[PDB]
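What follows is a single chain, given as structure tokens, in the form deposited in one PDB entry.
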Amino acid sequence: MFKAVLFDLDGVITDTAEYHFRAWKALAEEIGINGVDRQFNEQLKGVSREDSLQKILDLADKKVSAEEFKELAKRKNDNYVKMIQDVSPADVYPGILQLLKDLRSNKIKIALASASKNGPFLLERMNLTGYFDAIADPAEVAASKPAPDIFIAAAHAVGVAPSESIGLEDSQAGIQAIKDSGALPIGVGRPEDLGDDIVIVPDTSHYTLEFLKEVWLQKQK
């Protein structure tokens, strides 16, 4: 009986979490911060551009100037934007296109709840824009992931209560944002990274409408 699905983008719809990681690691190393490895990057997944940069700068003893802070965020974004120019429909993760088609057939709303300002560009790259009933603008919320605001806004944008929605996420921060919104999270990734307390699937082929119904029917929510 859920009425909406609230999609993260990066690491859910396609493998762009890998590109954010590579770009943040390159930035960090340029400023002599070598701690952005895959384990540290689990604290960056789902986190805004500025919050990501500050989590990396927290690894250093000294502060950068406000001018350098702004430059660094822009530097990373310009690199990332170059990395994603060749993304195509062939890069949609397994299961995702068919899930979008099945949700529309079943009159279940589809909304994007990505913290990325590059979200709309990436949905166009992948020929997915037409499936979305709404895209929650991440610059409109007052509080970014792990705050629930973006999931609350995604649900509102398609006229469904968060409590009647499922959220799909690959990150610690986004799973917390889903929990605090009222929606039911189903994570994608390693249990070791995302927790043993919610439903986690190992890859996105598991994100079928059949499975979302299976999970919803057992407590949920």
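The numbering used is simple: start at 1 and walk along the sequence shown.
Practice prompt. Name the higher of the two by mean Cα B-factor in the PDB entry, 8 to 16 versus 193 to 201.
Written response: Comparing 8 to 16 with 193 to 201, the higher average CA B-factor belongs to 193 to 201.
Worksheet entry | Stretch with the higher entry mean CA B-factor, where the candidates are 184 to 192 and 24 to 32 | Higher of the two, by average CA B-factor, is 184 to 192.
Worksheet item: Sorting the chain's CA B-factors, does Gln43 end up in the lowest, middle or highest third?
Response: According to the entry, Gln43 has a C-alpha B-factor in the chain's middle third.
Worksheet item: Would the CA B-factor of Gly174 place it in the lowest, middle or highest third of its chain?
Response: As the PDB entry reports it, the C-alpha B-factor of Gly174 lands in the middle third of its chain.
Worksheet entry | Position of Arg49 among the chain's modelled residues by C-alpha B-factor, lowest, middle or highest third | Tercile = lowest for this residue's CA B-factor.
Worksheet entry | Third assignment of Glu140 from its chain's C-alpha B-factors | As the PDB entry reports it, the C-alpha B-factor of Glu140 lands in the highest third of its chain.
Worksheet item: Against its chain's modelled residues, does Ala153's Cα B factor rank lowest, middle or highest third?
Response: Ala153: CA B-factor falls in the middle third of its chain.
This protein has a second form, the form deposited in another entry, left out of what is shown; the following refers to that one.
Practice prompt. Report the entry in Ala111, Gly167, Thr14, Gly46 that lies at the hinge, where the C-alphas stop fitting one rigid part best and start fitting the other, between the shown form and the other one.
Written response: Where the rigid parts turn against each other between the shown form and the other one, we find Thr14.
Item to complete: Work out whether the Cα atoms of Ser88 and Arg38 come closer together or move farther apart in that other deposited form than they are in this form, the change being 3 angstroms or more.
Response: Between the C-alphas of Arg38 and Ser88, the gap narrows in that other deposited form (3 Å or more compared with this form).
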